[PDB]
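Structure first, then comments.
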Amino acid sequence: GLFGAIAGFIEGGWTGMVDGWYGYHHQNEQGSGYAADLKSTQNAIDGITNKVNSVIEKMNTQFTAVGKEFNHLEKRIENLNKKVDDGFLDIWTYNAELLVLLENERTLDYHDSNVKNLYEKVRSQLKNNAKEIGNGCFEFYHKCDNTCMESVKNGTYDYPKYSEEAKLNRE
Amino acid sequence: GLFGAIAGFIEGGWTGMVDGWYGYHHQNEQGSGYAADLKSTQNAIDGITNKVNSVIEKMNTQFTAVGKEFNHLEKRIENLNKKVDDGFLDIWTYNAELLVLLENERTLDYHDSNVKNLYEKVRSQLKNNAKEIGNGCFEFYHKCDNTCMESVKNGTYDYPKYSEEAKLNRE
Amino acid sequence: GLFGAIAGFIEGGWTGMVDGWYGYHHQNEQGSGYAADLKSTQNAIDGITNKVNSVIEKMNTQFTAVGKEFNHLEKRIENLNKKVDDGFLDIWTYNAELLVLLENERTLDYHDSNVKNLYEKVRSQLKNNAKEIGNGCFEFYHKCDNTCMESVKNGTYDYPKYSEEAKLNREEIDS
Amino acid sequence: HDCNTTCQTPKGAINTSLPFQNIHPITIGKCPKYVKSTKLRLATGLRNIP
Amino acid sequence: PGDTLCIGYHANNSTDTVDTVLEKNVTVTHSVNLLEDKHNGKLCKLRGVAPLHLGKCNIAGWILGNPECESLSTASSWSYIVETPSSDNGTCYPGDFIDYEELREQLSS
Amino acid sequence: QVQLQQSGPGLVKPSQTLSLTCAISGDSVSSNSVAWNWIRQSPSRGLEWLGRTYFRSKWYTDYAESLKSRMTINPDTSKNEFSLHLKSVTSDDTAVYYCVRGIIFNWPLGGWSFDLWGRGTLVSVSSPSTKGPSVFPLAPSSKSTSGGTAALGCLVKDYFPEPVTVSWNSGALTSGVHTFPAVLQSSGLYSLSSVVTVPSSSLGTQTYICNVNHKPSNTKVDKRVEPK
Amino acid sequence: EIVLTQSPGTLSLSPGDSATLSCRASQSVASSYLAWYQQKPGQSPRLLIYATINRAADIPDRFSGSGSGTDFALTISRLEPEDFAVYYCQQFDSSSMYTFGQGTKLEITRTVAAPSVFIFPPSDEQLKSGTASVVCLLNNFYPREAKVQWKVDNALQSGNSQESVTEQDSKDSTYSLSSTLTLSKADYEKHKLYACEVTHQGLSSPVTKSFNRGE
Ligand SMILES: *[C@@H]1O[C@H](CO)[C@@H](O[C@@H]2O[C@H](CO)[C@@H](O)[C@H](O)[C@H]2NC(C)=O)[C@H](O)[C@H]1NC(C)=O
Ligand SMILES: *[C@@H]1O[C@H](CO[C@@H]2O[C@@H](C)[C@@H](O)[C@@H](O)[C@@H]2O)[C@@H](O)[C@H](O)[C@H]1NC(C)=O
Ligand SMILES: *[C@@H]1O[C@H](CO)[C@@H](O)[C@H](O)[C@H]1NC(C)=O
Ligand SMILES: *[C@@H]1O[C@H](CO)[C@@H](O)[C@H](O)[C@H]1NC(C)=O
Ligand SMILES: *[C@@H]1O[C@H](CO)[C@@H](O)[C@H](O)[C@H]1NC(C)=O
Ligand SMILES: *[C@@H]1O[C@H](CO)[C@@H](O)[C@H](O)[C@H]1NC(C)=O
Ligand SMILES: *[C@@H]1O[C@H](CO)[C@@H](O)[C@H](O)[C@H]1NC(C)=O
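Protein chains in written order, with the working numbering: chain A, 1 to 171; chain B, 172 to 342; chain C, 343 to 517; chain D, 518 to 567; chain E, 568 to 676; chain F, 677 to 904; chain G, 905 to 1119.
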């Protein structure tokens, strides 16, 4: 996309991660599995929910009847009424078509942005204790147990703690 | 936002910086204080001013009177006249509300872009002569007086001059 | 722009590369010259084409005659027909102007995104065997003949093949 | 037939809250805007790539 | 052969497609419809008030009392009037119903 | 539409593996967009989620970190069911177990919620073997007068397992009858008290008999209560 | 990891009144992943509200959810008799995946009433078998909050008595309580005076029923 993460440097998506839209997949000595990041998932949910409502509910109409009846000696104002009805039809069709075209692009970029930013929050924590092996994965230069995993996701990874071990494994 | 700096890795903004929208806050041996980057602020101002003007100025209207009078035997064309007024009312209200909604999202993304773009310009000058300490700050590996600070802000930081000094302070 | 590549860290564009929108300019022992990345160019082409068509195609009209003639005792509805034509004129003009403004900004940001995304791919391929010298170029830490170039432009750069040669020439400059 | 609706069209009634419809341009009531479109699908999730 | 941690996103059996400004038939994991293309095929009660069905008659015949529309039980209120494309029992004695279109717009509700 | 039928042993020897199955009707166990869970409910530990199973071109499982070792959920596509296996069972594991479905990511948006709850299979774990009840009388008297009416009852002590049914005069007397819920004594057996209030004038002249049925042991006792 | 704490424990309220049940978490909770459940007496739980604001299927308009972050709530506007039930909140995180609350009980009651107290010595039949059970009875009181202590020779017993409380009555909405002091025959004959003390809100001062062994 624009941010180049979805269908970009992260090739595909995970049918296994069912907790949310964005998350992690880890494996270490004591197991493996998926886990969604709810902080970014909820923000996207709260944001997309507000976006659909803003398109639906900023449309408010009043009671009106479109049916006007004109006899055979009123063809002029009957064609005028047709020009009004056909005029509103052309506008509301072009607006709705272009709106859904444009905002579908924006929404797919918004999900691309969230994956990119979620990736940078992890990269800027594991500065050189982990290896950017590409494909949106990090290989740690140290043993990272399930306690350590839950801290990278939480955003509280202790760099000075594991910097000692990762220095020597880099060789 | 999308580019993930405002409310992102730069956690908050500065009430102290009163000179512009974006800027720096240095801390060296001889001083410390806020200072705005005017080249990035002037561009943001010119951009936003052109955007607000392009919304208002494209609305070029003509002299027109809306008040139409119809007797009690013309309630058919009267309801046609009201269908035209209530029809234009529904179009402009929807377009304006959706314009303000969608363009405010672009405006805030534009500021987030300019902040991240300014950061990525300071980072490309202090390649390894400074430590990216997160939160959008740089910690220098060498003595950086006001001649050095002003050289980064205006975009002329001489890397080979301080490269030798920063080589040894990496330790 | 928004992505800081077009007129960003890449300061200018190339006139000599007429093959496409985005591309490469190599410099090695065997020669030099321009060549376009057709994969990233064909995507921008197909997308922009689909953008322009979707703005023209979604406008469909029917056979209509706007000419309405009224006599001197129908001045009222004559003004109503004027209000209808004048109302549509103000709408279609304000919409068309704002559409081209907003989507031209998007189109130019769309190229900015593609140039930036192309650079990140080359950087994420040459992780340690090249030196980011800025403004979109990479200096190689090893011999890169025409076989090495056409593997970077194509996406099959063999990092372990040159990882040892680039490692030695790297600590040689660090002194 | 016996049923309540806020929007009525000659070929039937519309029970809906969406802003657009393509059933009939002649409507009576607090109705959605008639459009010539046949599919106005607004994406909410990601691009699906298994 | 060390520990890893990957960042990723969702994917499912979804077959819905949307159109974007750059690409058509884009498969997404979740979507919603903004266009209503379904109807119940019944003329219902608008505003909770049942309409007025004229059957074989039109308004001219109903309001004047054509001998075919005497069976029309006239209620006290209605929301809208229903005629059929085959309703032709109006002015049985030929003539001109003056301001007929305006009277319809007055009796509509 | 969709229904969940549970089955499994109601009593577990307090060392073996607890097993329960849940057959599905209307939906599919190998279905996507849903997830099948197990949740227990013990009056000591509230509502405890145990584990879940879902199929996304592959079988996944997620277990609670409190057990994380002794629980397993196996599916079976040929019968469209999924079962529970809780090894090394203790008295902490005595609870009412439900199988339940998760329905995340529907409109309006997201949110993991449980919508379909099974009827519930109470699984007690206990060492004692089946044992009949002992029935003693709770005799009233004078000094049992609280106002103008007295109270008498029956004590059904040391039976196993649940339940017992206590009726008064073969159901002729129902007004004022309180049959307390059974309590689990330290011995592993249960105890139950059932009382009734009658006017003081009726003590020496009426006749009051409580009836106890413990069908798991084919035991039926009828005991008369007389004052002091 | 994330603990949900509801309040109040029990909620006494008459039919037709308006009830607000709260649910406070130890950490921030994802708004979408929070839900509410209703458990009618004897029946299994049933989804009431999901995504913190959205009623489930076939849920009357009386129920409405609220809250965000740490504190959430569930409001019932007009209590129907069928709303006497227990309500649980439930949240999801990626560490402690599914956690509930202890649940609020909606005790649809009023009109405080004190208990009549009865005591029953152990039967001669039971004494022959070596055990001795003394049963103290609290009949048709409200509310449930009641203290039942045992005094043997005016020495307060502890750790050898079991209480039992009947469910809410369907006519007068009261409770019944039985406390059973179980000890051996040797300890039973070792003392003389066996008393049961009841401390309830409806009693101005505590009430004692007692007897002497062999009487
Ligand atoms: C930062 O300030 C310095 C001032 O010393 C600028 O330097 C001059 O740049 C111009 C081109 O704009 C040259 O013609 C001059 O020879 C430079 N030196 C002097 C002493 O004027 C520098 O250009 C500024 N930074 C940027 C990015 O323009
Ligand atoms: C979009 O797709 C419609 C349905 O066709 C099916 O789905 C797409 C995604 C392809 O896999 C195609 O092979 C399938 O048959 C088409 O009817 C429609 O024409 C398509 N849109 C365009 C613009 O061609
Ligand atoms: C997660 O981050 C919060 C931030 O305040 C911190 O308090 C907490 O200790 C961290 N770890 C866990 C397991 O929550
Ligand atoms: C180009 O890319 C293709 C497909 O990834 C690959 O098979 C091939 O080896 C690459 N290099 C050349 C020179 O074609
Ligand atoms: C229609 O609305 C009225 C209230 O105005 C209500 O009494 C009636 O039952 C409704 N009928 C249907 C079919 O919903
Ligand atoms: C609207 O239509 C849907 C279609 O299934 C139906 O379920 C719903 O009950 C309808 N709503 C009303 C108010 O009739
Ligand atoms: C999607 O689901 C259908 C169910 O009929 C299945 O046959 C198909 O293989 C699935 N495909 C994908 C790509 O999920």
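The C-beta atom is built at its ideal place from N, Cα and C for all residues, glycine as well.
Among the residues facing chain F, E/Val599 is included, as its CB has a counterpart in that chain under 9 Å away. Remark: three or more beta-carbon pairs, one from each stretch, lie closer than 8 Å, so the region 449 to 456 of chain C and the region 374 to 386 of chain C are flagged as touching. According to DSSP, residue pairing for F/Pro690 in a beta bridge does not occur. Counting only the Cα atoms, B/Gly204 lies some 47 Å from C/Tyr376. The beta-carbon separation of E/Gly575 and A/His25, rounded to 6 Å, stays under the 8 Å limit for a contact. Of all residues in the region 248 to 263 of chain B, those with a C-beta nearer than 7 Å to a C-beta of chain C are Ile248, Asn252, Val255, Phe259, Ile262, reading in chain order.
Comparing alpha-carbon positions, the option among F/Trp735, F/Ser877, F/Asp769, F/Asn782 lying closest to F/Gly824 turns out to be F/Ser877. Ranked by Cα distance from E/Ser676, the options E/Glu603, E/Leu619, E/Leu610 are led by E/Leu619.
For F/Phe731, none of the residues of chain E pass the 8 Å Cβ criterion, the least Cβ distance being about 11 Å. In the structure shown, A/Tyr162 falls within a helical segment according to DSSP collapsed to helix, strand and coil. For C/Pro502, the closest C-alpha among the options C/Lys495, C/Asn471, C/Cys486 is that of C/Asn471. Judged by DSSP in its simplified three-state form, F/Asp898 adopts strand. With a cutoff of 8 Å, D/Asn532 counts as near ligand 6, since its C-beta is closer than that to a heavy atom of the ligand.
Those residues that have a beta carbon less than 5 Å away from any non-hydrogen atom of ligand 2 are, in order along the chain, E/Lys591, E/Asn592. G/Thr1070 is positioned such that its CB atom lies closer than 9 Å to that of F/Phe856. Judged by the Cβ position, A/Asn146 fails to qualify as a neighbour of ligand 4 at the 8 Å threshold, every heavy atom of the ligand being at least this far. Interface with chain D (9 Å Cβ-Cβ cutoff): A/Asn104 is included.
Within chain B, no residue has its beta carbon less than 8 Å from that of C/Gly365; the closest one is some 22 Å off. Ranked by how close their Cα comes to the Cα of B/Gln198, the residues B/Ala337, B/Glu321, B/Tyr290, B/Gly184 have B/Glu321 in first place. Among the bridge pairs identified by DSSP, G/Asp975 is matched with G/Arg928, G/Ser972. Within chain F, the residues whose beta carbon sits less than 8 Å from that of A/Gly16 are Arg732, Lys734, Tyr736, listed in sequence order. Residue-level contact check: A/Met149 does not touch chain D, since none of the beta carbons of chain D fall below 9 Å from its beta carbon. Note that the C-beta distance between G/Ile1012 and G/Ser1108 is not below 9 Å. CA-CA distance, G/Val990 to G/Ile963, rounds to 16 Å.
Straight-line measurement puts the Cα of G/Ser1068 at about 16 Å from the Cα of F/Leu865. Legend: CB atoms of the region 646 to 661 of chain E lying less than 7 Å from CB atoms of chain D belong to residues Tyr647. In this model, A/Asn71 and A/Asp86 are separated by some 20 Å (Cα to Cα). Judged by DSSP in its simplified three-state form, A/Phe138 adopts strand. Counting only residues whose CB is nearer than 7 Å to a non-hydrogen atom of ligand 4, the list in chain order is C/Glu492, C/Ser493, C/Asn496, C/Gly497, C/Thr498. Under the DSSP assignment, B/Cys319 falls outside any beta strand (DSSP E), being part of the alpha helix (DSSP H) whose first and last residues are 317 to 324. Neighbourhood of F/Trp783 in chain E, by CB distance below 7 Å: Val599, in chain order. Taking C-alpha positions only, C/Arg465 is separated from E/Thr587 by approximately 30 Å. Near ligand 5, meaning a Cβ closer than 6 Å to any of its heavy atoms, lie the following residues in chain order: D/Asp519, D/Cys520, D/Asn521, E/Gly615.
Proximity of chain G to F/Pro857 at the Cβ level (cut-off 9 Å) is accounted for by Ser1068, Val1069, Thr1070, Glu1071, in chain order. Closer than 8 Å at the C-beta level to chain A, one finds these residues of the region 522 to 543 of chain D: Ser534, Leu535, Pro536, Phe537, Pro542, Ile543. Note: E/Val616 is bridge-paired with E/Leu613 in the DSSP secondary-structure output.
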